[PDB]
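Next up: just one chain, as C-alpha cells, the form deposited in one PDB entry.
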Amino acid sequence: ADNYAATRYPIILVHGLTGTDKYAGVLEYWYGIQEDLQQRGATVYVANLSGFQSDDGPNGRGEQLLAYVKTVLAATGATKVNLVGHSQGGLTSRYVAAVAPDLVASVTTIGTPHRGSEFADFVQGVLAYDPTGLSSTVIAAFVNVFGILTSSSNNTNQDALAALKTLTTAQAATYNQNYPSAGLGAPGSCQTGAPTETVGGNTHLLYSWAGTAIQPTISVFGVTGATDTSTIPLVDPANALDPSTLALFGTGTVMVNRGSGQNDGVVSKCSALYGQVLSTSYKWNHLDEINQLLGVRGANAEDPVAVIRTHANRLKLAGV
C-alpha cells in the first residue's frame, strides 16, 4: 500500500455494452482493477449503468452517469472526477464531460468506438434482411431480458436496439456532430485531435489507448485473413481457458473483411483515437483491455492491470 495511484480527484470506472458493476452481482466487469487501484491509494468508484441503451437522451446512459457523478461528489466532498471508460463507456464519459464541464478533470477512453464499429454495421445489416422484421423484435426481447438478469440491480431500463444503433458508424458520426470535442480529429482521417480541451474556463486532460491484437494478413479476391497477435500460434492456453479469445478472433475477421484494418475484435485502431493517444500497440483483444475473462490473456499480451495502475500515477503527476 502506498500513494502511487492517489489522484487528487476520485476515479470513476465506466463500463461499456452489456456491462454493469458486477455481472449477476458476482463477476466484476473491471476484473481485479478496483482492488489493485485502492491498494495503491486511489479512491475508485465503479458506475452501474444500463448495459443496453444509447448514451444521449432522457434515460440514456449519459444522464445516468451524470447523476452518479453528482452522488460521488456529494459523498466524497470532491469537486471533480476523473472518468475512465471502456468501450461504449468512453462515449458516455464524453457526454458528461460535455454537459457538465466543471465536474470533470479528465477523460480516458480504452478501446472506445469514437467512430463506431464495423461489426455493429454488420449485425444491423443482417437484421434488416428479414422482410417481416420479426427478427429484430424477438432478438431485442431476448437481449433486453438478458440485460435485466445480468444487471447487478436488475435494471429494467434496457433497449438492445437503441444500443446497437448507437454503435454503428453512421450514428457515431452524428453523435460526434452533436457532442464535439477538441480531442477528435477530422471525420475519416484516422488521426487524433488535441491533448486537452478548455470547455469554458474548465480544462480537461484527454487520453486514450487501444488494443490491436487482430491484424489483417494475406488475401484473395475479396477475402482477407487475420492473425491474433496476442497469442502464441494455436497452442496458447488462452485459446482454451478463455472462450472470448477465439470469439474475438472470429469477430475480428469479419471486421477486417469490412475494411476496418487493425482491431481488437470489435473496435478498429482508427475508431479508438482520442486526445493524447498513449498507445495503439497493445496486443489485446476487446476483453483483454479489462483483464477478462477472469484475468486470462494470450502470452504476448501486456498486463492491463499494470497499464491502468501506471495511468492513475500519470494522472497524479499531471495534477488531477
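Basically, rigid core = biggest C-alpha set you can superpose within 1.5 Å across the two forms. Residues that one form lacks are left out of the comparison. From 1 onward, residues are counted along the sequence shown.
Query raised in the report: Looking only at CA atoms, which has the higher mean B factor in the entry: 140-148 or 103-111?
Result: Higher of the two, by average CA B-factor, is 140-148.
Query - Stretch with the greater mean C-alpha B-factor as recorded in the entry, comparing 114-122 against 158-166 - result: According to the PDB entry, the answer is 158-166.
Report task. Quick one: which of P195, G211, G185, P233 shows the highest Cα temperature factor in the PDB entry? Result -> The listed residue with the largest C-alpha B-factor is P233.
Report task. Identify, among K269, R40, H286, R61, the residue whose C-alpha carries the highest B-factor in the deposited PDB entry. Result -> Max CA B-factor in the entry, restricted to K269, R40, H286, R61: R40.
Requested in this report: Would you mind ranking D264 by its C-alpha B-factor against the rest of the chain and naming the third, lowest, middle or highest?
Outcome: Answer is lowest: the recorded C-alpha B-factor places it there.
Query raised in the report: Which third of the chain holds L206 when residues are ordered by C-alpha B factor: lowest, middle or highest?
Result: It belongs to the lowest third of the chain when residues are ordered by C-alpha B-factor.
Query raised in the report: In terms of the chain's CA B-factor thirds, is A1 lowest, middle or highest?
Result: It falls in the top third of the chain.
Query raised in the report: Lowest, middle or highest third: where is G295 by Cα B-factor in its chain?
Result: CA B-factor rank for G295: middle third.
Query raised in the report: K22: which third of its chain by C-alpha temperature factor?
Result: Highest third.
There is also a form deposited in another entry; it is not shown, and the following applies to it.
Requested in this report: Please check if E302 moves between this form and the one not shown, taking a CA shift of 2 Å or more relative to the superposed core as movement.
Outcome: No.
Report task. Could you tell me whether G275 and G19 have their C-alpha atoms closer or farther apart in that other deposited form than in the shown form, knowing the shift is 3 angstroms or more? Result -> Farther apart in that other deposited form, by 3 Å or more.
Requested in this report: Indicate closer or farther: the Cα atoms of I33 and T20, in that other deposited form, relative to the displayed form, with a change of 3 Å or more.
Outcome: It is farther: the C-alpha separation of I33 and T20 rises by at least 3 Å in that other deposited form.
Query raised in the report: Just the runs, please: which groups of three or more residues in a row shift their CA by 2 Å or more between this form and the one not shown on the core?
Result: Run moving 2 Å or more: only 19-26.
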